[PDB]
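Remarks on the structure that follows.
Computed over heavy atoms, backbone and side chain alike; hydrogens, waters and symmetry mates excluded. Throughout, numbering of the chain's residues begins at 1 and tracks the sequence. One-based numbering, in listed order, for ligands and for the atoms of each.
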Amino acid sequence: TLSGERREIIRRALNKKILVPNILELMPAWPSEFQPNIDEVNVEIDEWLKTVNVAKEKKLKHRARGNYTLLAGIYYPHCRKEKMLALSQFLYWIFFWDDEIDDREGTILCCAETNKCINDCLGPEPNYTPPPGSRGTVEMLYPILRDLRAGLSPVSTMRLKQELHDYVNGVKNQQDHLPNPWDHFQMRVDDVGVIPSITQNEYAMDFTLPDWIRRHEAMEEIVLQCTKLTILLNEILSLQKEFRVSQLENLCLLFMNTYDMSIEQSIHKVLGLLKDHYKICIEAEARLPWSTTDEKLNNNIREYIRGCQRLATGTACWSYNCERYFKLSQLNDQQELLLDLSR
Ligand SMILES: CC(C)=CCC/C(C)=C/CC/C(C)=C/CSP(=O)(O)OP(=O)(O)O
Ligand SMILES: [Mg+2]
């Protein structure tokens, strides 16, 4: 039965302490940087948060523990200051949205109102006014999508539209055995909401990758590998948080269930998977359609793949610099995380 399978996992992982190596070391060629105006933008974000129709205590818990302006600052360390507000706001949207919707009918209603908002704002007849009904996490999305679209070409807008629809519908669609690990991992590859952040590098850096390059197999592979990398490192980094509220559909635990690995072996398996996909990602760059003549085009290709890589390294770097997933005291002097599956 479900309970039996979930029972044994809780028993097998409970109170386990697992020291995790510094994940950024597994991606050595990809550096972590910080946008230089994070503090100043956070002042603006704090004032803006006062008007978001989310509960004060909830907005402050997100700001205090997740501090998504910092995540935007690591994803987009070289953007100009004026781009940082909309990037940070979007990240507060997606984490607030995910939180409120984390009841079948409520999820169905909100997803449809959110898809409506996405179409309203990014589609062929733009309407940025929220309907009078709108719940807080939908009402706040209209000005965010409007501001992003103002800095995007219609080519990038179409990609952001489809990527946001994919994320929304992945959440709606996900509602006797724990799931198979590959099934879970592949589900997160399809549904995880990292791809709108790759596209927002085009807002952040004020460029458009041509679609013929975006559809090239090497670019498609770099986007995919970086999506897989972000997910994999998140499986490890979020394990303590997820296990503490007994959300056992965590890749590490699914490896424990399906293959009877220890929690130590399972985490080591995910780390191996990160090394494989990083090496695959690195190989794809030589296959990209680099121009022999066009400096601007090659700077755009460069920037776009750096956006992809910073999603992987930046997600890690941010997790090591906030308390969304663990207490920062759990990191030692060389940034090894001591997971604690106590509860
Ligand atoms: C960390 C990561 C993969 C991405 C950060 C940047 C973006 C755009 C993430 C997608 C949005 C959400 C809700 C991620 C939560 S996965 P979780 O493990 O942090 O939260 P959960 O434990 O599933 O509630
Ligand atoms: Mg997770």
| task | Check the Mg ion (ligand 2) and write out every protein N, O or S atom at under 2.8 Å, as residue and atom. | result | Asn234 OD1, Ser238 OG, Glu242 OE2
| said: As a test of understanding, state which of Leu14, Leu253, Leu254 forms a side chain to side chain contact (heavy atoms under 4.5 Å, CB included) with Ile9. | reply: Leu253
[atom] [closest protein heavy-atom partner, distance rounded to 0.1 Å]:
atom	value
atom 18 (O) of ligand 1	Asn234 ND2, 3.0 Å
atom 8 (C) of ligand 1	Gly193 O, 3.2 Å
atom 23 (O) of ligand 1	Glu242 OE2, 3.4 Å
atom 9 (C) of ligand 1	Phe95 CZ, 4.2 Å
atom 5 (C) of ligand 1	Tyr75 OH, 3.3 Å
atom 24 (O) of ligand 1	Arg324 NH2, 3.9 Å
atom 16 (S) of ligand 1	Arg188 NH2, 3.9 Å
atom 2 (C) of ligand 1	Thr315 CG2, 3.7 Å

So, [X] versus [Y]: side-chain donor-acceptor pair below 3.5 Å or not?
X	Y	result
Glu235	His184	yes
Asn257	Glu5	yes
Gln335	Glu25	no
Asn234	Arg188	yes
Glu303	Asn201	yes
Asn42	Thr69	yes

| Is the shortest side-chain N to carboxylate O distance from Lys81 to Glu44 below 4.0 Å? | yes
| query | Which pairs with one or both residues in residues 83-98 pass side chain to side chain donor-acceptor pair (under 3.5 Å), sequence neighbours excluded? | reply | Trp97-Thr114
| said: Show every ring-ring contact (aromatic ring centres under 6.0 Å, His included) that has at least one partner inside residues 22-44, sequence neighbours left out. | reply: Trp30-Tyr278
At less than 4.0 angstrom from any non-hydrogen atom of [X], what atoms of ligand 1 do you find?
X	result
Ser238	18 (O)
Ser197	8 (C)
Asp98	13 (C)

Could you go through residues 122-139 and list every donor-acceptor pair under 3.5 Å that involves a side-chain atom there, pairing it with any protein atom two or more places apart or in another chain?
unit_1 : atom_1 : unit_2 : atom_2 : d
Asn127 : OD1    : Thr129 : N      : 3.1
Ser134 : OG     : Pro131 : O      : 2.6

